[PDB]
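Secondary and tertiary structure notes
Residue strings, one per chain:
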Amino acid sequence: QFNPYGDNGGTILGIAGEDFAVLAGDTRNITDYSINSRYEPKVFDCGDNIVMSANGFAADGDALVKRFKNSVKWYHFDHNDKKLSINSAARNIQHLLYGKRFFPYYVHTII
Amino acid sequence: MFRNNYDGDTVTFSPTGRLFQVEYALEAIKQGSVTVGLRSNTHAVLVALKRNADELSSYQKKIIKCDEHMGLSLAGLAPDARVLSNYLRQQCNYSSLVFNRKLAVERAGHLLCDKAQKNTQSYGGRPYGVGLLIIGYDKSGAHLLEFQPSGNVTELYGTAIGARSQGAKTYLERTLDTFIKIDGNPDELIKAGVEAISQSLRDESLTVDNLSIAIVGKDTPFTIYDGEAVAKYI
Amino acid sequence: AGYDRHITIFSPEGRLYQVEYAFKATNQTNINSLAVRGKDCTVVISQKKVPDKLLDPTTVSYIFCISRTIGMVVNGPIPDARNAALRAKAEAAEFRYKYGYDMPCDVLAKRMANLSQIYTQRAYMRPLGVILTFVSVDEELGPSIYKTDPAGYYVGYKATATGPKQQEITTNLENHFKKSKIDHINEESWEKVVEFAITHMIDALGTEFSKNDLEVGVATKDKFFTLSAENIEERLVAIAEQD
Amino acid sequence: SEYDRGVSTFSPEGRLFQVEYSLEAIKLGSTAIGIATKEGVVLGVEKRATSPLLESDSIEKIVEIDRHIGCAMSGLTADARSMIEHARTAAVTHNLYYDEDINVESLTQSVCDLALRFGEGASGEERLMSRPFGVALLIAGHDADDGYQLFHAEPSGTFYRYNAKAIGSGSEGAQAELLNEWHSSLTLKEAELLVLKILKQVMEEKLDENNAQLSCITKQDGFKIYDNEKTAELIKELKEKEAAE
Amino acid sequence: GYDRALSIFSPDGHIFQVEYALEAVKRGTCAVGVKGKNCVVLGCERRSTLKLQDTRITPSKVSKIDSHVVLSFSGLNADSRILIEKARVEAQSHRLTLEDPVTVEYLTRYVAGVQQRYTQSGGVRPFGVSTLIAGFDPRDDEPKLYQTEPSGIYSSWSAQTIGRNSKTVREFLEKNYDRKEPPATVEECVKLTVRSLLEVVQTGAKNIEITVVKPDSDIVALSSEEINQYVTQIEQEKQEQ
Amino acid sequence: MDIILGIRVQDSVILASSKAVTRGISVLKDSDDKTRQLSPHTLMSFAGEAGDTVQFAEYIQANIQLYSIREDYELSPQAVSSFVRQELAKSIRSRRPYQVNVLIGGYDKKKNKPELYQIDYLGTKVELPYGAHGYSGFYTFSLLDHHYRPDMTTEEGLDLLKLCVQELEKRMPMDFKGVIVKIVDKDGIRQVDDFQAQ
Amino acid sequence: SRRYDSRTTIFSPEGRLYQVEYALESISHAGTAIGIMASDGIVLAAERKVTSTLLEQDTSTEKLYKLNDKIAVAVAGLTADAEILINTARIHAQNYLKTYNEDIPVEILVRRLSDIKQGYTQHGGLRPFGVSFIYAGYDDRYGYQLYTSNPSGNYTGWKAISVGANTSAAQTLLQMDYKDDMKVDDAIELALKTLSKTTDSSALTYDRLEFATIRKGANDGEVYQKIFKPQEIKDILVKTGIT
Amino acid sequence: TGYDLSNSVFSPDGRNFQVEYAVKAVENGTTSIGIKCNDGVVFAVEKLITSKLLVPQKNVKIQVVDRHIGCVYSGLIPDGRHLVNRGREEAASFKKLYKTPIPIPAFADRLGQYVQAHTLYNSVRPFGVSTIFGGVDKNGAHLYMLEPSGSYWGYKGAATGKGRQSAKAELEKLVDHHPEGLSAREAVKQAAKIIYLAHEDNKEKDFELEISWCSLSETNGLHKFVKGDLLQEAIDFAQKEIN
Amino acid sequence: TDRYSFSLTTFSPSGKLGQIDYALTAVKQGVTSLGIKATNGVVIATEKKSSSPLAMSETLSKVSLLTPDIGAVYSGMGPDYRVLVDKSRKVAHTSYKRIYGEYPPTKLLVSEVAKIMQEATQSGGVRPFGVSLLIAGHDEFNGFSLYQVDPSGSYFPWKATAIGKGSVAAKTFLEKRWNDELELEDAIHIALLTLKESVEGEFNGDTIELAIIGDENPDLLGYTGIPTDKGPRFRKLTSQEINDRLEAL
């Protein structure tokens, strides 16, 4: 029986300040009881002043983000390099995620 | 008497081996405004003369981005260009996500040729009525190309297309030895392009409302200068 | 005012000229071919005109090997014939696969005369301007020869001809068969039959041939082969004296 | 004489006449006028009814695309209903995906990428619909990036942005007049009497609040279509200033 | 000439094929819709010219689409039967997906939607029908009356007519129907509908069909006598002056 | 399951149908009408799976009504139930079948006779003098086998049906929250809002 | 020159559909067929057109057909176009029976068919049906019924109708003698008493006819449908006015 | 004539003019030549510099297929690239199936069969180019030249384009004074020569020469571009003899 | 010429589809062929013409077996008939034998074939078949049968008839010497004397192809053990059986 999922540990955190925001996340990456790398980032700037991190199953994470970033790219292409309002961003991420409602991305994402 | 039973469809060869419908297409590129492109060994440049309707309407742009390192200017039927420039944006994105390598300019030519291709060999349609000058900066430095609706993409050093484009091409053909060497300095490569374009004006002169410019190179991601910002060249 | 433009419209006298015109194209070939059957062999003849010091003749034939038993000769443009040669060349492969045994000459010709009929009634394409001549040594009829045309026709030939010279190569044979009162050439080996055609052709054309002006193939007890370049010179010699 | 019968046929001088005739179809519509002001944008149209038994509001020549975008069409009505429909879906969808309002020009954009779907034959993709739409659009809207904008959509597939523009049977004289009136510092009430004035002019029939419809859009209240009493007195209040000078 | 196809514009921006379809509506018999302020009344004429045929199941020109909406036409008979069917089904599908029964405009819109769909691609011919849709929306009391053309456009009217000699009947209506004050009685609203056809009927009430529709899904056809009871009362004041 | 009873008498059909609706632990309603009139003289009760139940009912109703304006004639009880069994019949062999059981009771103005058809989700149809779906039969069928007579008055039927319910209450574990009764006849459908108002 | 009759997809400047009109014109080339209503039955009478000495006609039929066990039709026009319909007309008829488990009402069946004929008039690449039909049947909704349908897709209900050749004549004569209640054996009378007058042949010979009728009563609480045999004809034919 | 409009149509003499006109467009493009040395081949094309603004060394007209096939054509340039991409798939799927890089002779049919096809349907335009290509397989080197009708053969060396005859007579020659395979190196040299001599039809339009070759000894089985030093030599080794 | 005879989809002002009649012309041209119904059999025959005696005519049938109780012949475009045949022998299994465990009656095969003949018509983009066949067979409940099928798709039943060039008169000859009684041997006779005048070539055993439907041949099966499976009624006479009946005129 082929099981398409895996957990690569990790923890991320996001606090919203009065006029700034942070998003942290350790760099360790694991598999069961072993180490895969002591430094493998899980927190990226996606452009338009938006940080994002998807934590859970390593691969679904990389996928979502890439998929999100390629999406910011086209939002500009179609609306005159207009800036992506972080709220407008979350709404968009929803559709991305719900896109796979029946073969879900095994991750907890945070922008 | 005196008909031409060989120009009804893109799918018919005249007795001499000519595709008239395609020819008429180019003719529509001649009827459009002018645009110029020229490059050195560190940058490429697009200079275009936007046109308009009333003193109330806006000037229709003709420079289009495609990636951080690529773009083009157009002449002719606006819509066709949209489709083309768009197909291009797609091709670059694929070559970016999948392989993670910036699409080389020559490749973008082949691609725009093979797509324009299909429309000269099948029944029912018509050929794209629009010419484009593409510019970019891959791993072989600067790059300039000139595509025509027949699927003929040629890589130049400079050029212009559009009504009266002639004069500007002439100019570029002389000042060549001069600009091909304008390296490290963008401000001069553009002043050159602007000179060359003026060789094609007859009605008015370029004002801040109808002038468009664009550059890309070594440490300059494809950016477009519009209106109030191109003033230092007028 | 265009009957003859469409492959589907009948003239007031049920003609369909497009199919008719198809034929004249089977002639601008300017190559003649006759095929005669032995008693356990079958041979087809055809001239090999190579009008250019540049074309390397090895790649200049009008007879291909459909299957390891059937051979074919075509009276038409190398492009069109090369097509047909392929379809049939494939019908063979598939037939075997779907039925357990090697496909007969007589059949393959019917798949084609049929194929070039549907080809022509549904109008899904223009009819190929060539004539196909199928030869082989069947295990239920040995000396077998069938020939299909563009109009989707076919039949058996005790030995036939095709080219810009139908009647000549033909009548010449009608008088030779009018005597022997039989329907086949008598001889124990191919070698000798071959000699019979070249022999009985120069007679109708009125010209000598060398090891390059002709081209022949033959069929044995299940083993179709094309006559060699140099080897064709052989029987040409042997029959240059027993006149 | 011979090259004007195929929507995919270039004339010897690189022209597509069927497309041109398409436009000539609009001139037959009644006039529509749009004037943009730093206060808001105005849209007005001549109704022109064949009979007194028609119900006026039956003729939707000005409609809402969304709370912040409205428009007036001219040309074939059936062809309009289809664009208006697409446009509305375009807006609402974008809203759904982004939780925001579609830029006026980005909407106008999608409306043109629709007309761009004419042509029958099969040279690759597929866009089912034979010929060009027979209608133009005056899209008045407003968004946080470029403020009050006014656009002109043509079946050709292109569009321009205007300060003021007129389409339909009268766009000839109307466009001239507007060329000599419009100025950046026009108030909303000022443009209303101007759109109203130019219609009366190059219109025809006695200008009553029955054969003339007037609307406008603002940041504050979005797209609103002026009711009959308002327009009615806006006409009197108008026709009056004509006495003196 | 340029009137050969639906996909070609004439130099002046027309599309004649669709226009010619309309020329057929004029061929059919006359229909006339007249609304009051508590009802709507449709009227027609019977092609009573060549009869030795049945009578029982003779078309009334007027058809019900739902319990609260009726439709009448003019033009290619056979063409009309399909629109009536298609609109009937849609009327039931609407209830299935929204509980609420259709609105008179939603129906008119759906119909004209179809009529227009048949003028899109070539290898299709526009319906040679023109129609009048009348009725009352669900739990509403404002009478409604719309008309649709072969081209695909729809419109609402206070009263309207289509078919041969519709120019005449229209003139009449125009100088009689008061926009400010519609017939306030079903009886007078009928009277007005009748007297209008009585200018193209060629005498007799044997050539006139009348159907009345009020609110609350209450519809009802008229009989031959009742109809004559008006031909009667209007043939009086006619020479009475 | 829900309660679905029905009985044909002298000149009419009577339908009983429990009123409660339950989602797991709670009872979201105790006044639900499991009925749905297909036409002036045809009535159809139902009971089955949560969603499937009324999506189907309405669908059927829509078809009948369509047919009725189109033909301007009213489809007969016999032909109506036939149509239903057809659909359900096709349903059972489809990606996902409706799990709905039904009772159809109409008045055949053509024969002037009341008729009651009982159909289960499998497409099994049968004409009966009285019927019930699910577990509902075991508690009643004997009482009706005992007292039912074809000559019965509408007035007598109700009295009978009352007994069956009283039994359903005394021995059934579920509390169905009472029933709602309805009568079909030459004059159409009406609701005995007095078996509830009692 | 230039005319608007090149296809069905085209309105003439006056909204005419010529192509359809021409099909409607193909009917006047068919054998006359009649249908007469009666207080207790319906009669179908036709007159075989085609003729020759050696033409089998005692077994097979050409103008009268059973669609339902309670519905019958008279054909007139394109032979092949007639069967295509007749068959589907039969399938539809059985689906109604299979769905409602009742027999399909006449008007419904006539309407379904007219609705198909309608459709071949509005879509490109299609040619309308060159047929006309006289439907005679009975259902519990409206007792006996007589209907007619043409290529344009319209249908109607007559009390006595004729289609085919010399319709003017046949139609006229009927319009005259038809008594509105007329019993069956008087309609079968009037059938020939009309067909006769509008023929050509030196004499009206039995082998040139086709009769069928629909009767019912208290007896068989249902309908009996009969299609006369060559015999019964040659007989009832004499009982009238033929030696 | 009405026989030169459609692409499928046969003229009364079995002539397909649309394909012929196709050729007229081919013998007008630039000039392309193909040399077959002992082991491997040599290709060369004439590139025309219209203006001074044309980055040199760029805008290549010779394409490699897989990694062992040379390929050059003349006529409609877009049609060019096209016919080759197909060849590129046709190649690839073949190696993916059999492992062994595609047989130069096999390859040709694939292309022919394809070009073949564009002469069958009237909804498409025949290929407007003549193609020359070849490479080294298991049976050494081969050199073909396909044309607008799909017709083709093997050559000792050939060429098409506006100026081809001179290229031919000065080509047949090399054959006569060398009957036994030319020379790897030497081929290149004499190649750059055969172009110049043929350019005298574009004389007033300065040009740029492009050569590629494929050889079991210099390339090592693979097809490579002749750039660098040997590229110069070959030019002068031709510029000298041009005097 | 009209402007209506070049479209299957087009009605002439009178009401005549065109392309059909010209198709029906290619038939009225083909070689003469006839069919006679007996009382205990049915005979179908058609002539043969050689392009040249260099060709083997004994490898191209003209009287074909569709079912072991039905055979058929033709007059018109050769090639059509060849495949129209194999499509008929199939639509005979897939449409009847495979649903009813038995072969089809005469009437229905002829109609299943006219069905395929119909398609060729109703539809632009294809041309109808230039052939007209006479199909003859017999089935238990219907006795023997004779039918004609034209491109128009229509089909009729005869007692005797002919189609082809020499038909006007051949169809006249038969008319004279036919009566309900002729035994099969008589028909086989009457046929030859009619296939007689209708020729300019010769009258040997090869240039004549005739077959007939009659009694069962318990020999022509290949097996024996099953009582009911008795044999095929269709018999294509051999070159010999012929010329013998030719001597006795």
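Residues numbered from 1 in each chain as written, not as in the entry; some residues may be left out. Chains lettered and ligands numbered in written order. Part of a larger assembly, values for the part shown. Heavy atoms only, no water.

**Remarks on the overall build of chain D**
Cut-off, in case you're wondering: In this text, helices come from DSSP runs of H or I with a minimum length of four residues, and strands from runs of E with a minimum of two, each type numbered from the N-terminal end. All radius of gyration figures rest on C-alpha atoms, and the globule criterion is 2.2 Å times the number of residues raised to 0.38. By definition, residues are in contact when any of their heavy atoms lie within 4.5 Å. Per-residue accessibility takes into account occlusion by the displayed protein chains alone, with areas from the Shrake-Rupley method and a 1.4 Å probe. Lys and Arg are tallied as positive, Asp and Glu as negative. Neither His nor the chain termini are counted. Here the site of a charge means NZ on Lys, CZ on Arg, CG on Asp, or CD on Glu.
Looking only at helices and strands, chain D has six helices and 10 strands in total. A globule of 245 residues ought to have a C-alpha radius of gyration of about 18 Å, and chain D, at 19 Å, matches this closely. Taking the principal axes of the C-alpha coordinates as reference, chain D spans close to 65 × 50 × 40 Å. In chain D, the share of contacts with a sequence separation of at least 24, taken over all contacts with a separation of at least 6, comes to 62%. Here chain D has roughly 10,900 Å² of accessible surface; of this, 47% comes from carbon and sulfur atoms. Charged side chains in chain D number 25 positive and 43 negative. The centres of these two groups are separated by 3 Å.

**Overview of the interface of chain F and chain G**
Here is the rule: For this document, the term salt bridge refers to a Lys or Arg side-chain nitrogen within 4 Å of an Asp or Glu carboxyl oxygen. Polar contacts, as used here, are pairs of N or O atoms within 3.5 Å; protein pairs need one atom able to donate a hydrogen and one able to accept it. Residues neighboring in sequence count only if both atoms are side-chain atoms. Each residue gets one of three labels, nonpolar for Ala, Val, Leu, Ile, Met, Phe, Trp, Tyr, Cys and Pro, charged for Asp, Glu, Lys and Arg, and polar for the others, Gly among them.
Each partner contributes to the interface: chain F provides 13 residues, whereas chain G provides 11 residues. With a closest N to O distance of 2.9 Å, G:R111 and F:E71 form a salt bridge. Taken together, the connections running from chain F to chain G amount to seven residue pairs in polar contact. Secondary structure elements with two or more residues in the side of chain F that touches chain G: helix 1 (52–71) and helix 2 (77–91) of chain F. Class assignment for the residues of the side of chain F that touches chain G results in five nonpolar, four polar and four charged.

**Remarks on a nonpolar patch on the surface**
All names here are of chain A. Stated formally: Like-charged residues within 9 Å of one another, or nonpolar side chains (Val, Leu, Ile, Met, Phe, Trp, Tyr) within 5 Å, are grouped into patches, provided each residue has over 30% relative accessible area and no salt bridge. For the exposure calls, accessible area comes from a 1.4 Å probe over protein chains only, and a residue counts as buried if that area is under 20% of its type's maximum, exposed if over 50%, partly exposed in between.
On the surface, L13, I15, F20 and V22 cluster together to form a nonpolar patch covering roughly 370 Å² of accessible area. Contributions of two or more residues to the nonpolar patch are made by strand 1 (12–17) and strand 2 (20–25). As for its placement among the helices and strands, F20 is situated in strand 2. You can call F20 exposed: its relative accessible area is 51%.

**Structural notes on the sheet that holds strand 6 (residues 147–153) of chain D**
Residues and elements named next belong to chain D. Condition: Being paired, for any two strands, means DSSP has found at least two bridges between them. Geometry is summarised by axes, namely lines fitted to C-alpha atoms with helices restricted to the contacting stretch, and by angles between N-to-C directions that run from 0 to 180 degrees.
Taken together, five strands build an open sheet; the order of strands is 3-4-5-6-7 and the sheet is antiparallel. For this open sheet the edge positions go to strand 3 (62–66) and strand 7 (159–162), each flanked by a neighbour on one side alone. Each strand axis lies, on average, 25° off the axis of its neighbour in the sheet, ignoring direction. Bridge count between strand 6 and strand 7: four bridges; the pairing is antiparallel. If you follow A153 over to strand 7, its bridge partner there is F159.

**Overview of the packing of helix 2 (residues 77–98) of chain E against helix 1 of chain F**
Relative placement of two packed helices is described by the angle separating their axes and the distance separating the axes. Operational definition: Working rule for angles: under 35 degrees goes down as roughly parallel, over 145 as roughly antiparallel, 65 to 115 as roughly perpendicular, anything else as oblique. We call a crossing left-handed when the near helix sits turned anticlockwise from the far one by less than a right angle, and right-handed when that turn is clockwise.
Contact pair helix 2 of chain E / helix 1 of chain F: the axes reach a minimum separation of 10 Å and the direction vectors enclose 155°. Comparing the axis directions of helix 2 of chain E and helix 1 of chain F gives the class roughly antiparallel. In the crossing of helix 2 of chain E with helix 1 of chain F, the sense of the turn from one axis to the other is right-handed. Each of E:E85, E:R88, E:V89, E:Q92 and E:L96 in helix 2 of chain E lies in contact with helix 1 of chain F, whose residues at this interface are F:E58, F:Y59, F:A62, F:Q65, F:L66, F:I69 and F:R70.

**Some details on the environment of D:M83**
Residues and elements named next belong to chain D. Among the secondary structure elements, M83 is positioned in helix 2 (residues 77–98). The sequence separation of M83 and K189 amounts to 106 residues, and the corresponding C-alpha distance is 30 Å. What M83 contacts, discounting residues up to four positions off in sequence, is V111, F133, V135 and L137.

**Notes on the state of the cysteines**
All names here are of chain C. Heads up, the rule is: The rule for a disulfide is simple: a pair of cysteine sulfur atoms within 2.5 Å.
Within the structure shown, the criterion is met by zero disulfides over all chains. Of all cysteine sulfurs, the one in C105 lies closest to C41, which takes part in no disulfide; the gap is 14 Å. Overall, the relative accessible area of 3% leaves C41 in the buried class.

**Looking at the nonpolar core**
Rule in force here: Among the buried residues, those of types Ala, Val, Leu, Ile, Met, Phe, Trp, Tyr and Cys that are joined through side-chain atoms within 4.5 Å form a nonpolar core.
Of all hydrophobic cores here, the largest spans 75 residues; its most connected members are C:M72, C:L108, C:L132, C:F134, H:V42 and H:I211. The biggest single contributor to this core is helix 5 (residues 184–199) of chain H, with eight residues. Setting aside chain neighbours within four positions, we find C:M72 in contact with C:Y62, C:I63, C:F64, C:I66, C:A85, C:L132, C:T133 and C:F134. In terms of nonpolar packing, the next biggest core, distinct from the first, is built from 42 residues, G:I34, G:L64, G:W158 and G:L209 among them.

**Side note on unusual backbone geometry**
At E:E99, a position not held by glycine, the phi torsion is positive, near 65°. One can find E:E99 in the loop between helix 2 and helix 3 (104–117). On the basis of relative accessibility, which here comes to 62%, the residue E:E99 falls in the exposed class. At H:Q57, a residue that is not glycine, the phi angle is positive and equals roughly 90°. Among the secondary structure elements, H:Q57 is positioned in the loop between strand 2 (40–48) and strand 3 (69–75).

**Remarks on the sheet that holds strand 9 (residues 216–219) of chain C**
Across a sheet, strands are paired by hydrogen bonds formed along the backbone, either parallel or antiparallel in direction. Residue and element names in this part refer to chain C. With respect to topology, five strands assemble into an open sheet ordered 8-1-2-9-10, the strand pairing being antiparallel. Each of the sheet's edge strands pairs with one partner strand only, and the pair in question is strand 8 (159–162) and strand 10 (225–226). As paired strands, strand 9 and strand 10 are joined by two bridges and run antiparallel to one another. Bridge pairing in strand 10 places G217 opposite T226.

**Details of helix 6 (residues 231–238) of chain C**
Residue and element names in this part refer to chain C. Going by this rule: Regarding the arc, it is the one traced by the directions from the helix axis to the C-beta atoms.
Inspection of helix 6 places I232, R235 and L236 among the buried residues, and these make up the whole buried set. Relative to the axis of helix 6, the buried residues are bounded by an arc of 110° and lie together on one face. Against helix 5 (190–205) and strand 9 lie the buried residues of helix 6.

**Thoughts on a negative patch on the surface**
Residues and elements named next belong to chain D. Together, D227, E229, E233, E237 and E240 make up a region of like negative charge exposed at the surface. On the secondary structure map, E233 appears in helix 6 (residues 228–241). Accessibility expressed as a relative area gives 43% for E233, which makes it partly exposed.

**Some details on the packing of aromatic side chains**
To keep it simple, the criterion reads: Here a pair means two rings of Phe, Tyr or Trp (six-membered ring of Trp) with centres within 6.5 Å. Their orientation is stacked below 30 degrees between planes, edge-to-face above 60, and tilted elsewhere. Two conditions define a charge located above a ring, namely a distance within 6 Å from the ring centre to NZ of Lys or CZ of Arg, and an angle within 35 degrees of the ring normal.
Scanning all chains against the criterion turns up 44 aromatic pairs over all chains. Between C:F95 and C:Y101 the ring centres are 5.2 Å apart and the planes differ by 80°, which places this aromatic pair in the edge-to-face class. Of the residues examined, C:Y101 reaches a relative accessible area of 45% and is grouped as partly exposed. Relative to E:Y20, the ring of E:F16 lies with its centre 6.1 Å away and its plane at 25°, an arrangement referred to as stacked. On the criterion of helical spacing, the pair formed by E:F16 and E:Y20 is a turn pair, its members being four residues apart in helix 1 (residues 16–25). Judged by its relative accessible area of 25%, E:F16 falls in the partly exposed class. Among the aromatic residues, those joined into a ring-pair cluster are A:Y5, A:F57, A:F103 and A:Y106. Positioned above the aromatic ring of I:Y103 is the side chain of I:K97, whose terminal nitrogen or guanidinium carbon lies 4.5 Å from the ring centre.

**Things to note about the arrangement of the chains**
Chain A makes no contact with chain G; the smallest distance between any of their C-alpha atoms is 39 Å. What separates chain F from chain H at the closest point of their C-alpha atoms is a distance of 39 Å, and the two make no contact.

**Notes on the pairing of strand 6 (residues 142–148) of chain C**
Residue and element names in this part refer to chain C. Burial of strand 6 is extensive: seven of the seven residues sit out of reach of the surface. Pairing geometry for strand 5 (residues 132–138) and strand 6, over seven bridges, is antiparallel. Its bridge partner lying in strand 6, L132 is registered against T148. Where strand 5 hands over to strand 6, the hairpin turn is made up of three residues, counted between the paired strands.

Worth remembering: the numbers are spatial, not functional.
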